[PDB]
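Content type mmCIF, C-alpha atoms and all ligand atoms, from the file protein17.cif:
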data_protein
#
loop_
_atom_site.label_atom_id
_atom_site.label_comp_id
_atom_site.auth_asym_id
_atom_site.auth_seq_id
_atom_site.Cartn_x
_atom_site.Cartn_y
_atom_site.Cartn_z
CA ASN A 701 -14.75 7.54 -16.75
CA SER A 702 -15.57 8.09 -13.04
CA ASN A 703 -15.76 11.79 -11.90
CA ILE A 704 -13.92 11.21 -8.62
CA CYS A 705 -10.42 9.90 -7.73
CA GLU A 706 -10.46 6.19 -7.13
CA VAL A 707 -8.16 6.49 -4.10
CA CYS A 708 -9.40 9.61 -2.16
CA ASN A 709 -12.95 9.81 -3.59
CA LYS A 710 -12.69 13.56 -4.31
CA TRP A 711 -13.09 15.51 -7.56
CA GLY A 712 -10.34 17.79 -8.86
CA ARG A 713 -7.67 17.52 -11.61
CA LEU A 714 -8.12 13.88 -12.62
CA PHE A 715 -6.34 11.66 -15.15
CA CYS A 716 -8.50 9.03 -16.73
CA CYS A 717 -7.57 5.41 -17.43
CA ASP A 718 -7.91 4.38 -21.11
CA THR A 719 -8.70 0.72 -20.35
CA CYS A 720 -11.09 1.00 -17.45
CA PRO A 721 -13.39 3.68 -16.09
CA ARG A 722 -11.21 4.75 -13.08
CA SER A 723 -9.73 8.17 -12.55
CA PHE A 724 -6.91 9.51 -10.36
CA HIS A 725 -5.31 12.53 -9.00
CA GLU A 726 -1.72 12.79 -10.17
CA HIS A 727 -0.11 11.84 -6.80
CA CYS A 728 -2.94 9.56 -5.60
CA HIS A 729 -2.01 7.07 -8.35
CA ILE A 730 1.11 5.02 -7.57
CA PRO A 731 3.36 5.41 -9.41
CA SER A 732 2.48 9.19 -9.97
CA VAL A 733 0.48 9.47 -13.21
CA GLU A 734 2.93 9.38 -16.11
CA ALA A 735 3.60 12.61 -18.20
CA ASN A 736 2.77 11.29 -21.67
CA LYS A 737 1.64 7.70 -22.61
CA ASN A 738 -1.46 7.73 -24.84
CA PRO A 739 -3.19 5.46 -24.21
CA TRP A 740 -2.56 5.28 -20.44
CA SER A 741 -3.43 2.27 -18.33
CA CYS A 742 -3.77 2.59 -14.49
CA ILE A 743 -2.25 0.23 -11.97
CA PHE A 744 -5.48 -1.76 -11.61
CA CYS A 745 -5.34 -2.57 -15.37
CA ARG A 746 -1.62 -3.37 -15.25
CA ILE A 747 -2.16 -5.78 -12.38
CA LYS A 748 -5.05 -7.47 -14.19
CA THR A 749 -2.77 -7.90 -17.28
CA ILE A 750 -0.15 -9.79 -15.20
CA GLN A 751 -2.83 -12.25 -14.03
CA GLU A 752 -4.23 -12.65 -17.57
CA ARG A 753 -0.77 -13.27 -19.04
CA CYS A 754 -0.05 -15.96 -16.36
CA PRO A 755 -3.25 -17.43 -14.92
CA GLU A 756 -1.17 -19.80 -12.78
CA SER A 757 0.24 -16.76 -10.92
CA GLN A 758 -3.07 -16.93 -8.96
CA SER A 759 -2.40 -20.41 -7.53
CA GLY A 760 -1.62 -20.38 -3.82
CA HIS A 761 1.78 -19.28 -2.49
CA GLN A 762 3.61 -19.42 0.82
CA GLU A 763 4.24 -16.00 2.43
CA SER A 764 7.81 -17.01 3.19
CA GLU A 765 8.55 -17.51 -0.53
CA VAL A 766 6.78 -14.28 -1.53
CA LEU A 767 8.81 -12.21 0.95
CA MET A 768 12.14 -13.48 -0.43
CA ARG A 769 11.32 -12.44 -3.97
CA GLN A 770 13.55 -9.85 -5.49
CA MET A 771 11.96 -6.58 -6.44
CA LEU A 772 11.89 -7.16 -10.25
CA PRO A 773 9.34 -5.02 -12.24
CA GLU A 774 6.32 -7.20 -11.52
CA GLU A 775 6.94 -7.43 -7.74
CA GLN A 776 7.65 -3.65 -7.72
CA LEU A 777 4.24 -3.08 -9.34
CA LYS A 778 2.48 -5.42 -6.94
CA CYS A 779 3.91 -3.57 -3.90
CA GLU A 780 2.92 -0.19 -5.47
CA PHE A 781 -0.66 -1.51 -5.85
CA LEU A 782 -0.78 -2.91 -2.29
CA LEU A 783 0.40 0.52 -1.02
CA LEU A 784 -2.32 2.11 -3.13
CA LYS A 785 -4.96 -0.18 -1.67
CA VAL A 786 -4.02 1.08 1.82
CA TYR A 787 -4.28 4.75 0.73
CA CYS A 788 -7.74 3.89 -0.67
CA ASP A 789 -9.04 3.57 2.90
CA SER A 790 -9.82 6.94 4.53
CA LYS A 791 -8.26 5.76 7.80
CA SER A 792 -4.88 5.80 6.04
CA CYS A 793 -4.77 9.57 6.82
CA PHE A 794 -3.58 8.71 10.31
CA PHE A 795 -0.51 6.87 8.99
CA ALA A 796 0.35 8.98 5.91
CA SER A 797 2.66 11.66 7.23
CA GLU A 798 5.51 11.74 9.73
CA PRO A 799 4.26 11.13 13.23
CA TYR A 800 5.38 12.55 16.56
CA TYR A 801 5.18 11.10 20.04
CA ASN A 802 4.53 12.98 23.25
CA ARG A 803 2.06 11.12 25.44
CA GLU A 804 2.17 10.72 29.19
CA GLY A 805 3.25 7.18 29.98
CA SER A 806 4.50 6.21 26.50
CA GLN A 807 7.77 6.43 24.67
CA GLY A 808 7.97 6.88 20.90
CA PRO A 809 9.12 4.00 18.69
CA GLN A 810 12.77 3.35 17.93
CA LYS A 811 12.03 3.37 14.20
CA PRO A 812 9.16 5.57 13.14
CA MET A 813 7.53 4.73 9.83
CA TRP A 814 4.74 6.20 7.74
CA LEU A 815 3.03 5.66 4.37
CA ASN A 816 4.64 8.60 2.56
CA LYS A 817 8.07 7.34 3.61
CA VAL A 818 7.28 3.92 2.15
CA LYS A 819 5.96 5.64 -0.96
CA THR A 820 9.27 7.50 -1.42
CA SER A 821 11.28 4.37 -0.69
CA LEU A 822 9.42 2.52 -3.46
CA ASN A 823 9.78 5.38 -5.86
CA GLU A 824 13.52 5.56 -5.22
CA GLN A 825 13.90 1.69 -5.60
CA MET A 826 15.25 1.28 -2.07
CA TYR A 827 13.70 -2.12 -1.48
CA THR A 828 15.56 -5.10 -3.00
CA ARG A 829 13.05 -7.73 -1.87
CA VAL A 830 9.36 -7.85 -1.15
CA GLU A 831 10.31 -8.47 2.51
CA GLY A 832 11.72 -4.87 2.87
CA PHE A 833 8.44 -3.33 1.82
CA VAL A 834 6.23 -5.66 3.91
CA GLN A 835 8.40 -5.13 7.00
CA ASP A 836 8.08 -1.31 6.81
CA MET A 837 4.32 -1.56 6.21
CA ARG A 838 3.82 -3.85 9.22
CA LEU A 839 6.06 -1.63 11.34
CA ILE A 840 3.69 1.32 10.84
CA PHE A 841 0.88 -0.54 12.57
CA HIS A 842 3.05 -2.24 15.18
CA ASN A 843 4.52 1.16 16.25
CA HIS A 844 0.99 2.53 16.56
CA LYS A 845 -0.25 -0.40 18.74
CA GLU A 846 2.68 -0.15 21.04
CA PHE A 847 2.48 3.66 21.52
CA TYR A 848 -1.23 3.99 22.07
CA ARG A 849 -1.36 1.07 24.55
CA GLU A 850 -4.87 0.88 26.00
CA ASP A 851 -6.27 3.98 24.35
CA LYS A 852 -9.05 3.01 22.05
CA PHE A 853 -7.19 4.88 19.23
CA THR A 854 -5.06 1.70 18.98
CA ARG A 855 -7.93 0.22 17.00
CA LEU A 856 -7.15 2.43 14.00
CA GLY A 857 -3.89 0.52 13.63
CA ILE A 858 -5.74 -2.82 13.79
CA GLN A 859 -8.18 -1.63 11.16
CA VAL A 860 -5.73 -0.36 8.63
CA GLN A 861 -3.44 -3.38 9.19
CA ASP A 862 -6.38 -5.64 8.35
CA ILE A 863 -6.81 -3.78 5.05
CA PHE A 864 -3.14 -4.20 4.35
CA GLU A 865 -3.08 -7.91 5.20
CA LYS A 866 -6.21 -8.82 3.15
CA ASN A 867 -4.85 -7.01 0.15
CA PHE A 868 -1.40 -8.59 0.63
CA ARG A 869 -3.02 -12.08 0.57
CA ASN A 870 -5.10 -11.15 -2.53
CA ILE A 871 -2.34 -9.45 -4.63
CA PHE A 872 0.36 -11.97 -3.97
CA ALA A 873 -2.05 -14.95 -4.08
CA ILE A 874 -1.18 -16.32 -0.67
CA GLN A 875 -2.52 -19.88 -0.13
CA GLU A 876 -5.83 -19.73 1.71
CA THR A 877 -5.76 -21.29 5.24
CA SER A 878 -8.10 -21.82 8.26
ZN ZN A 901 -7.13 11.44 -5.08
ZN ZN A 902 -7.52 1.18 -15.51
ZN ZN A 903 2.21 -18.36 -17.29
#
Here is a file; write its structure as structure tokens.
Ligand SMILES: [Zn+2]
Ligand SMILES: [Zn+2]
Ligand SMILES: [Zn+2]
Amino acid sequence: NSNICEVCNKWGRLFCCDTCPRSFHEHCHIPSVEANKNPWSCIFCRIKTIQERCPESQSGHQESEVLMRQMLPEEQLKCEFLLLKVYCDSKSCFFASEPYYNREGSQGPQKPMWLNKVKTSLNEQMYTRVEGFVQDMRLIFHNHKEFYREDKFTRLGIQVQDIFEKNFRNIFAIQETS
């Protein structure tokens, strides 16, 4: 197994996957690494299994259809993995915890949103469709763009949104377009 957490790239108390060489901190893995389960398979392995069981699940899809899917076990897992892929980027630190807004010439957003709030919402099964999860994720970056206006710090939101959107297209097998 790897000697660092796959998500945060630090050593520490790590749990090792039995079917691939990745390792995780307890709360870096999503869902949080399970108490028992020998062997244990990480979320990367579980996602790969879905694809292997149904190769046709990788044919192209329309975003509009994906968003309307109910949050059954497989779509729940896919959103957990997409969330994890965002946390894997170090720039996710800016969007992880609850923000506050006091900047001359800007007003805070009507509906603040952050990664740990989405994490909790997934854990507590508060989304009924894929749409609910994707809307909250996109709202994080949209709030950031709006608040920071012409400050160059707005680019952090563009960067992390791009990581989200690429991973969304990959995980849910969105039809490639020009
Ligand atoms: Zn970690
Ligand atoms: Zn694994
Ligand atoms: Zn199939």
Enumerate residues in contact with ligand ZN 902 (chain A): an atom-to-atom distance of at most 10 Å, counting only C-alpha atoms and all ligand atoms. Format the result as JSON, numbers by chain.
{"A": [701, 716, 717, 718, 719, 720, 721, 722, 723, 724, 740, 741, 742, 743, 744, 745, 746, 747, 748]}
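Compared by their closest atoms to residue A:853, and using all atoms listed in the file, the residues A:711, A:789, A:702, A:841 rank with A:841 nearest.
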Using only C-alpha atoms and all ligand atoms, which residues have at least one atom no more than 9 Å from ligand ZN 903 (chain A)? Output them as JSON, numbers by chain.
{"A": [751, 752, 753, 754, 755, 756, 757]}
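Of the listed residues (A:838, A:778, A:825, A:791), A:778 comes nearest to residue A:766; the distances count only C-alpha atoms.
Taking atom CA of residue A:874 and atom CA of residue A:759 as endpoints, the distance between them is 8.1 Å.
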Do you have the atom CA of residue A:830-atom CA of residue A:771 distance handy?
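Computing it gives 6.0 Å between the two atoms.
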I need the residue nearest residue A:779 from this list: A:796, A:704, A:840, A:730. Use only C-alpha atoms for the distance.
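Comparing A:796, A:704, A:840, A:730 against residue A:779, the winner is A:730.
Of note, atom CA of residue A:758 and atom CA of residue A:869 are spaced 10.7 Å apart.
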Extract, using only C-alpha atoms, all DNA, RNA and protein residues at most 10 Å from residue A:855, discarding same-chain residues fewer than 5 positions from it, and format them as a compact mmCIF listing (two decimals) with C-alpha atoms, in the frame of the given file.
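New file out_15.txt:
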# COMPACT_ATOMS: atom_id res chain seq x y z
CA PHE A 841 0.88 -0.54 12.57
CA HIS A 844 0.99 2.53 16.56
CA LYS A 845 -0.25 -0.40 18.74
CA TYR A 848 -1.23 3.99 22.07
CA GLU A 850 -4.87 0.88 26.00
CA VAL A 860 -5.73 -0.36 8.63
CA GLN A 861 -3.44 -3.38 9.19
Distance filter 7 Å around ligand ZN 901 (chain A), atoms: all atoms listed in the file, out as a PDB file with C-alpha atoms, keeping the file's coordinate frame:
ATOM      1  CA  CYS A 705     -10.420   9.900  -7.730  1.00  0.00           C
ATOM      2  CA  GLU A 706     -10.460   6.190  -7.130  1.00  0.00           C
ATOM      3  CA  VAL A 707      -8.160   6.490  -4.100  1.00  0.00           C
ATOM      4  CA  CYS A 708      -9.400   9.610  -2.160  1.00  0.00           C
ATOM      5  CA  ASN A 709     -12.950   9.810  -3.590  1.00  0.00           C
ATOM      6  CA  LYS A 710     -12.690  13.560  -4.310  1.00  0.00           C
ATOM      7  CA  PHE A 724      -6.910   9.510 -10.360  1.00  0.00           C
ATOM      8  CA  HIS A 725      -5.310  12.530  -9.000  1.00  0.00           C
ATOM      9  CA  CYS A 728      -2.940   9.560  -5.600  1.00  0.00           C
TER      10      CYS A 728
END
